[PDB]
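In: build the 3D model from these lines:
(chains A and B)
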Amino acid sequence: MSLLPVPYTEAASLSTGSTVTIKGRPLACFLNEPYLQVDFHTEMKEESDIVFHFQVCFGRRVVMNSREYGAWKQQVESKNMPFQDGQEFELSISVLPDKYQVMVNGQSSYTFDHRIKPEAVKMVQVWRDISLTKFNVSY
Amino acid sequence: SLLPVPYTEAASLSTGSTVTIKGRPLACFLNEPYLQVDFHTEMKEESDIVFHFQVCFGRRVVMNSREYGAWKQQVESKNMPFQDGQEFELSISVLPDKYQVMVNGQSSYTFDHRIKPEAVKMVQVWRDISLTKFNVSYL
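Out: Numbering: from 1, shown residues only, chains lettered A, B, ... in the order given. Next up is the structure itself:
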């Protein structure tokens, strides 16, 4: 049923001006709290450090963090919830010199200042309770 | 792998029933994949949950019920018999007073009946696992 298989793992490189586009839909109603996770990894292996971790608990909150030297760092939480129950969404993550800008359905929704340089990213993983129709990294 | 996830099946339970689940997490424990098993009062996903069993692999287990649309008293355990990167066998037995949850033959968790197990009409298995076996015993 999901057009693209989930978990979805792709080799990627990022710098200022790069955009990561993700089109998908949660697999459950918001009452059931499905999650979405997007991780920008330093290496191809899943256990590698995470430069940018973006986790949505649909209908509840968004958590952002990094995993450095194998440990989760300072968690950032947002109760901003532009995602709509049972709807397809479009997620756009832009790389700016100082931060990532996260757009949901074309609206500025979240930001996260760079901890690790985006130039250290080698892989992007999209996983948890979503079906996926589109994944793209601009070059 | 052979059974799709989310996996949903019509079911009925009473004393002596066993729900057998064979599967494997989709990620290493460092990435905190989840497993969720919900015993529902109706076929619809938004229905009440008699028994909610949620594993955050390598971290914790949470159990609860959802009654009249609201999550009730959460039960938490840091017991972790699940092994990183391994296939597991989960066996949920229905006893007169509680569910007994066995992992790879070890009695690992228990949950006293809030709603009678006879109210269950559906079982849903979802989140970050591949599923090789699902069975509800009868008679």
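In: may I see the buried residues of stretch A:74-86?
Out: Buried residues in stretch A:74-86, counting neighbours by 16 or more other Cβ atoms under 10 Å in any protein chain shown, are found at A:76, A:81, A:83. Every residue, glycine included, has its C-beta placed from N, CA and C.
In: can you list contacts of that stretch?
Out: Outside of stretch A:74-86, the residues within contact range by Cβ atoms under 8 Å, 6 or more residues apart in numbering or on different chains are A:25-26, A:29-30, A:56, A:58-65, A:89, A:104-105, A:107, A:109-110, A:112.
In: please redo it, this time with the cut-off set to 7 Å
Out: Residues outside stretch A:74-86 that contact it (Cβ atoms under 7 Å, 6 or more residues apart in numbering or on different chains) are A:29-30, A:56, A:58-59, A:61-65, A:89, A:104-105, A:107, A:109-110, A:112.
In: which bits of chain A sit near chain B?
Out: Taking Cβ under 7 Å from any Cβ of the partner chain as the test, the list of chain A residues beside chain B reads A:7, A:27, A:28, A:29, A:31, A:32, A:46, A:47, A:70, A:128, A:129.
In: now those residues: which count as buried?
Out: Using 16+ other Cβ under 10 Å, the buried members of the residues of chain A next to chain B are A:7, A:27, A:28, A:32, A:46, A:128, A:129.
In: quick check: the last one touching residue A:28?
Out: The reference is to residue A:129. Yes. Between residue A:129 and residue A:28 a contact is recorded at 6.0 Å, counting by Cβ atoms under 7 Å.
In: between these two, what contacts are shared?
Out: By Cβ under 7 Å, 6+ apart, the residues touching both residue A:129 and residue A:28 are residue A:34.
In: excluding chain neighbours, give the residue nearest to residue A:41 in space.
Out: residue A:123 (4.2 Å; Cβ to Cβ, 6 or more residues apart in numbering or on different chains).
In: list the contacts for the one you found?
Out: Contacts for residue A:123 (Cβ under 7 Å, 6+ apart) come out as A:9, A:10, A:11, A:12, A:41, A:43, A:44.
In: let me have those residues in a markdown table, adding distance to residue A:95, neighbour count and secondary structure as columns.
Out: Listed next are those as a markdown table, based on distance: Cβ to Cβ, whole Å; neighbours: other Cβ atoms under 10 Å in any protein chain shown; DSSP: H, G, I helix; E, B strand; the rest coil:
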| residue | distance to residue A:95 | neighbour count | secondary structure |
| --- | --- | --- | --- |
| A:9 | 19 | 17 | strand |
| A:10 | 16 | 14 | strand |
| A:11 | 16 | 10 | strand |
| A:12 | 11 | 17 | coil |
| A:41 | 15 | 24 | strand |
| A:43 | 18 | 12 | coil |
| A:44 | 20 | 12 | coil |
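In: can you pick out the most distant pair from those?
Out: Greatest spacing in the contacts of residue A:123, by Cβ to Cβ: A:10 and A:43 (13.4 Å).
In: tell me the phi and psi of residue A:118?
Out: phi -60, psi -20 (degrees, to the nearest 10).
In: meant to ask about residue A:31, not that
Out: phi -60, psi -30.
In: residues contacting it?
Out: When contacts are counted by Cβ under 7 Å, 6+ apart, residue A:31 touches residue B:46.
In: tell me how far it lies from residue B:124.
Out: Between residue A:31 and residue B:124 the computed distance is 13 Å (Cβ to Cβ, to the nearest Å).
In: mind listing what's buried in stretch A:12-19?
Out: Within stretch A:12-19, the residues that count as buried by 16+ other Cβ under 10 Å are A:12, A:14, A:18.
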